[PDB]
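To start, the structure under review is shown below, and the notes come after it.
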Amino acid sequence: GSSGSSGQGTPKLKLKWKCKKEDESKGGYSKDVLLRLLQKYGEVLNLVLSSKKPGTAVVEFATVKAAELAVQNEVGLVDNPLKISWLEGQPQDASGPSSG
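Residue numbers (PDB author numbering): 161 to 260.
In structure tokens form, the structure reads like this:
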């Protein structure tokens, strides 16, 4: 298909969740909640939020291990399973002999 991501710097992740139109109500999360949710897994060096679109943000991890676990295990809330996607620098490894 189409691939080509350098991802050299820290493994930053993008946190997106379902949120209503421009409203005073967030939905069911907050810089803190999300911060503590990841903290447990890994130290959150920087945690920024996206204003352009509602229910969107980007977290900055210090290690790859934590990030992954924060993208697999931590899903947010049963009712609202946060959408943690790899904005850039995604881990890729197989448990067998690779080839063309």
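Backbone N, C-alpha and C define an ideal beta-carbon position, used for all residues, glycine too.
Under the three-state reduction of DSSP output, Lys174 falls in the strand class. In this structure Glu248 touches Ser165 by the C-beta definition: roughly 6 Å separates them, less than 8 Å.
The three-state secondary structure of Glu184, taken from DSSP, is coil. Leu207 carries a strand assignment under DSSP once its states are collapsed to helix, strand and coil. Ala222 sits close to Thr170, with the two beta carbons spaced by under 8 Å.
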